[PDB]
């Protein structure tokens, strides 16, 4: 998640108990329907980096992880079609997020927070990524 202290936005990790509640859903509910609402709830306010921490326990269940990854790739690819880069990037300027930046594969949590909380035209990359994961989890539920 993101804290706002000295007028600055910075990362704060999911508490161990919060992450452990997710981990316990994932291990206990074998990708039954409530993984969906559980993810929604527990991913509230998350950055992509945080979501990627939540997906660490999902990597223990490759069947599910494969399903989810395929959906992430699809959604990232469509994002990029819908957001063509006009370029080139001005010196020193943070790029607009690509699909892989939203997924947190190519971005730092500091970049993520900048997109989320910058003063002009923020991009809610955590919430966009959470939608992608929800699509994937819904598919896991219908395929397990």
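Residue numbers count along the first chain shown, from 1.
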### Message
Tell me which stretch, 8-16 or 125-133, has the higher mean Cα B-factor listed in the entry.
### Response
8-16
### Between 52-60 and 79-87 (mean CA B-factor, as deposited), the higher
79-87
### Summary
Top Cα B-factor in this entry, restricted to 26, 41, 68, 46, sits on 26
### Message
Given 116, 33, 109, 102, identify the residue with the highest C-alpha B factor in the PDB entry.
### Response
33
